[PDB]
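The form deposited in one PDB entry is given below as one chain in structure tokens.
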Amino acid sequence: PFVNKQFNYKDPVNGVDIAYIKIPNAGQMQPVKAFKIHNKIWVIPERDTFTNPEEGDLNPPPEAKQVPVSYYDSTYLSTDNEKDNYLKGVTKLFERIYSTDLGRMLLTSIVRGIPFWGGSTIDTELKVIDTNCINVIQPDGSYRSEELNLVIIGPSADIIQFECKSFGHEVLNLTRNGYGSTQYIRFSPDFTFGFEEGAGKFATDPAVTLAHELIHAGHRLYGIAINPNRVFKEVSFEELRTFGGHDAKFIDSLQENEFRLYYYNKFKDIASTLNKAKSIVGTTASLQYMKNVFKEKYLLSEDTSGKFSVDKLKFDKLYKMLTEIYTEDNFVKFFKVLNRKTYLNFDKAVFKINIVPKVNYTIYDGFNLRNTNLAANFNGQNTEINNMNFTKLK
């Protein structure tokens, strides 16, 4: 959200909000420089070779999809200057999202969405799940485990394949059992995608793209994501609800109620677990403090005795906010930008962009800069009218 510090990539490490860290992902990875831009939110200006052991190399595979479906450059985001621009780009997009009431609400929900402490085998002990933390190097070279909700990280091999990644549990389905897990969003502010509205060729505002992933992240942080195997005529349920607008109508109402009820019961389990709890692992967190943190997250009701329960009214509000109010469609309305009308894009294009310079893109106007000839008719997003801002890869 509000990012109160303007980071430069070369800013000196301080072990607090600028640090070298390691990701839970097994293997002895080299520590990477990361920046804490807000409570619970970090940015790692590196290509993601870390979250998936089968995706550790950036070269195009022999059978790669071609532009504009995929795009490959093993050297993208390999230099200090690129990483600085990436950090600054990602930060600007957070400000753009935060500048809307809707984005302010979403970013708040995200910060509150601490992944549940369901790490213990003793059903009376509260314990953090290791894969919801990062290890932060300290001055003496020791590591300090820090909980976090969200990491923005550079893309893996396919530069334009953005998505939410998270570490799984051996038995728990964290993004689908109400628990939640730290979300790693593969994202780049340095490219964007085209759509058609000889029809004009427009570019998606990167803030909409990022907001889209943040919506996925919200579902996944509250453990209410829909299994990708659930689709409607086909596109996944999870994508249709996230995109919103016209295409949401293809979601089966009954199926929608099934999941609302399902996740209702999942929240109830969480409340019972909290009630049961007697021990807690760690240091700066009292069990009372954590119970309160999760009361806050799941909007639980608490009686005089201190017992937790789920309020169906509060639950309905929260669920609707996360699944119906936070949509790409609704963000487009708040940004007042042009966006493709339907989830599936049959006229794709890919462009290199640079959002960082003020002459190019602003927190308040994106590409459609007020008091320029780019202000009207979404001229700023028109790849032919605003051609200096969009370099077509193919």
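We call the rigid core the largest set of C-alpha positions that still match within 1.5 Å between the two forms. For every residue, the number given is its place in the sequence shown, counted from 1. Residues that one form lacks are left out of the comparison.
The discussion below concerns the form deposited with a partner chain bound, not included here.
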Q) Closest heavy atom of residue 212 to its partner chain in the bound PDB entry, within 4.5 Å or not? A) yes
(Q) Would you classify residue 352 as touching its partner chain in the bound PDB entry, given a 4.5 Å non-hydrogen atom cut-off? (A) no
Q) Do residue 76 and its partner chain share at least one heavy atom pair within 4.5 Å in the bound PDB entry? A) no
Q: Although its partner chain is absent from this view, report whether residue 239 comes within 4.5 Å of it in the bound PDB entry, heavy atoms only.
A: yes
Q | Shifted regions of at least three residues between this form and the one not shown, judged by C-alpha displacement of 2 Å or more after core alignment | A | 344-347
